[PDB]
There are 2 protein chains.
Amino acid sequence: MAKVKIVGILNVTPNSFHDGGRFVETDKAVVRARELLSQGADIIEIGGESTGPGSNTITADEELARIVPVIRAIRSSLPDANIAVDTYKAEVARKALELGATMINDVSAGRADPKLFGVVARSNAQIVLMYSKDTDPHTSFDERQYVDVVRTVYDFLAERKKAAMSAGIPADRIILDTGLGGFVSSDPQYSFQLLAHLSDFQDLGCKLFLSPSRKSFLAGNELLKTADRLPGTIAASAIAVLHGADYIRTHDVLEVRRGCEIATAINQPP
Amino acid sequence: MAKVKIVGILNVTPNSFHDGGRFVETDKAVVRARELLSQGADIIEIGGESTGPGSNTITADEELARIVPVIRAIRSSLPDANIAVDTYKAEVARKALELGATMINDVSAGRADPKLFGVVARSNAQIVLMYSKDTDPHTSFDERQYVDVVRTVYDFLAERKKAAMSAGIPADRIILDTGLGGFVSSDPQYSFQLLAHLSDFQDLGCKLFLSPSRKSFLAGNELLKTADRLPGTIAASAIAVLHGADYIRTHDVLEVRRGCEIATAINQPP
Ligand SMILES: Nc1nc(O)c2nc(CNc3ccc(C(=O)O)cc3)cnc2n1
Ligand SMILES: Nc1nc(O)c2nc(CNc3ccc(C(=O)O)cc3)cnc2n1
């Protein structure tokens with residue numbers, strides 16, 4: 001059984017407000033991609049629009065203005081790099097694929113932009129379909145309750161896979177993500193239940209993709225801030241791999257790679 | 001489902017027994033004990049004789065000269081702390097129990113000293129019986145092979161539990177440890193198989209105790225040295241808890257506690 005593919009998060013978020021222009025943010029992104037690769041990332045995932053807590057929506061033009069220089073610079077300086085883009089906007093995905101990205105990660109599962117499925121279908125790229133409790137990726141993180149969150153998410157992902165296939169994406173280019181954290185509920189129990197039952201989602205026939213990545217459900221009893229959730233991220237990501245994850249999305253490539261290697265080894269027979 | 005109990009390692013083997021100082025400074029050990037407690041250790045485990053790579057045997061007299069001052073200082077400045085002692089020697093355990101230790105951790109599983117079982121039986125302390133491929137804790141770490149390491153270790157622990165009980169120790173005071181790292185084999189695959197099948201040991205009726213703690217089986221494909229094994233230790237300890245460990249022994253108390261809390265949460269039913 002194979003190693004997990006580590007997806008290193010590269011957020012392009014211009015919020016410094018100083019004398020330097022867009023080039024400073026682009027240069028920051030390139031140094032960060034080099035570091036992620038140094039730490040053993042298999043894939044560099046570029047995102048121009050945060051969907052974390054308290055985030056809001058940007059225009060497609062602003063999102064392209066952020067990620068296009070970055071993709072260009074990484075492709076030229078690091079041509080071996082495997083590039084993914086985190087976007088739910090068809091116009092953003094189309095340009096990113098033309099510039100050499102090979103993976104599109106859609107937190108809306110193709111629901112925010114009905115044209116995105118066709119953009120990926122006409123390419124050679126893979127698509128990540130993630131479960132979210134609402135169609136809008138920037139909905140507030142309410143305390144959503146579930147009678148059976150595993151069944152709810154499973155039925156959702158089955159439906160979205162069938163829609164992606166009807167739009168022309170073959171099953172072997174579809175990757176599935178249960179969602180975690182606020183995407184599921186501000187109540188952490190449901191994220192833990194998806195992690196406990198993650199192997200069930202292998203019956204949909206698709207590779208699995210997870211992003212524990214210091215999310216709110218890892219706050220624990222101490223209600224840890226983001227900066228203190230690295231131990232919890234390592235544990236959650238290792239257990240996800242133990243239960244079938246093929247991709248792990250993370251800010252902390254070195255540590256999460258090494259932790260998930262242990263999970264992979266525990267999964268091996270003699 | 002209860003939290004794991006975190007056993008914080010306080011090893012007071014001196015830097016260089018023969019070349020430098022004969023003992024550690026007692027106040028520095030107390031400082032470390034206070035940090036382990038403040039990081040969330042439930043138990044402080046004092047040991048005067050190390051058993052990792054290349055360790056040296058020491059006499060019972062010298063072992064007492066190491067741990068007695070440190071136990072006395074901790075019981076005076078931290079009387080609420082739970083004390084365990086890591087020793088395979090009956091005369092060390094006897095004095096440790098007199099001074100208030102409530103758990104004896106024996107890496108020989110009661111084999112190295114025929115009197116140890118009886119000393120523990122005449123106390124109210126718990127005893128940890130760990131599997132090792134050889135009785136002598138300082139045996140070199142050979143590449144021991146197994147046809148079925150789970151079966152071998154299971155039958156060993158069943159036999160040591162029966163021996164402890166024959167010596168008057170009740171089953172509800174017996175704690176079992178599969179061993180990890182060189183205690184099992186210099187081949188890491190056998191330590192991963194024990195972790196993968198740890199739930200098989202719940203048939204024995206005893207709480208389970210594990211010490212991933214930056215051991216050699218966490219070296220991975222990079223053949224990481226001790227300093228780089230914290231992520232793997234978090235992942236292995238978390239997975240051990242997910243698979244039924246009741247105690248986790250570590251010197252990285254803060255991080256391993258937080259990671260293991262995630263494993264406990266994933267184990268909880270809706
Ligand atoms: N495929 C996939 N899977 C994710 O889990 C994901 N998460 C984020 C970032 N969004 C969040 C959402 C919630 C939280 C919190 O509750 O803390 C944090 C970050 C962005 N892209 C993502 N893509
Ligand atoms: N109950 C229990 N369980 C242990 O696992 C343990 N380990 C050590 C320390 N000994 C070792 C042995 C092997 C290795 C390596 O291969 O790296 C490292 C340290 C000391 N007390 C212990 N007690």
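For ligands, and for the atoms within them, numbers begin at 1 and follow the listed sequence. Scope of the values below: all heavy atoms of this structure, side chains included, with no hydrogens, waters or symmetry mates. Here is the naming used below: chain letters follow the sequence lines, and residue numbers restart at 1 for every chain.
When each of A/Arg249, A/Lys5, A/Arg32 is checked for a salt bridge (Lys or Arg N to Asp or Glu O under 4.0 Å) with A/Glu45, only A/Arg249 meets the rule.
In summary, the atoms of ligand 2 found under 4.0 Å from a heavy atom of B/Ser211, numbered by their order in the structure, are 3 (N), 4 (C), 5 (O). Under a 4.0 Å criterion applied to the non-hydrogen atoms of B/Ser216, ligand 2 contributes the atoms 15 (C), 16 (O), 17 (O). Of all atoms in ligand 2, numbered sequentially from 1 with element shown, those under 4.0 Å from a heavy atom of B/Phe141 are 12 (C), 13 (C). Near B/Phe209, meaning under 4.0 Å from any of its heavy atoms, are these atoms of ligand 2: 1 (N), 2 (C). Taking every non-hydrogen atom of B/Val107 and a distance limit under 4.0 Å, the qualifying atoms of ligand 2 come out as 21 (N), 22 (C), 23 (N).
On a distance-only criterion, A/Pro53 and ligand 1 share no N/O pair closer than 3.5 Å. For ligand 2, the polar-atom distance check against B/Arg214 finds no nitrogen or oxygen pair separated by under 3.5 Å. At least one N or O atom of B/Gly182, backbone or side chain, sits closer than 3.5 Å to an N or O atom of ligand 2.
For atom 5 (O) of ligand 2, the choice among B/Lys215, B/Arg229, B/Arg249 with the nearest heavy atom turns out to be B/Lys215. Remark: among candidates B/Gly181, B/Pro188, B/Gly52, the nearest residue to atom 19 (C) of ligand 2 is B/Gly52, based on non-hydrogen atoms. Considering each of B/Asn105, B/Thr51, B/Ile175, B/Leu129, the one bringing a non-hydrogen atom nearest atom 20 (C) of ligand 2 is B/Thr51.
Residues B/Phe217 and B/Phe192 bring their aromatic ring centres within 6.0 Å.
Under 4.0 Å is where a charged nitrogen must lie from a carboxylate oxygen, and between B/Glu159 and B/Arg111 no such pair does. In summary, B/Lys225 and B/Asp228 do not engage in a salt bridge, as defined by a charged side-chain N under 4.0 Å from a carboxylate O. Taking the charged nitrogens against the carboxylate oxygens, B/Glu49 and B/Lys89 do have a contact shorter than 4.0 Å, which makes a salt bridge. Taking 4.0 Å as the cut-off between side-chain N and carboxylate O, B/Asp252 and B/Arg257 do not count as a salt-bridged pair.
Looking at residues two or more places apart in sequence or on another chain, you find no ring pair (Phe, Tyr, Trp, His ring centres under 6.0 Å) involving A/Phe117. For B/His251, the side chain to side chain donor-acceptor pair (under 3.5 Å) partners two or more places apart in sequence, or in a different chain, are B/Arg214.
Crowding of A/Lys207 atom NZ: a count of heavy atoms from other residues, nucleotides or ligands under 6.0 Å not exceeding 12.
In this structure, the protein non-hydrogen atom closest to atom 3 (N) of ligand 1 is A/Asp177 OD2, 2.7 Å. Looking only at protein heavy atoms, the nearest one to atom 12 (C) of ligand 2 is B/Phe183 CE1, 3.5 Å.
At a 4.0 Å heavy-atom cut-off, ligand 1 touches A/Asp86 through the side chain alone.
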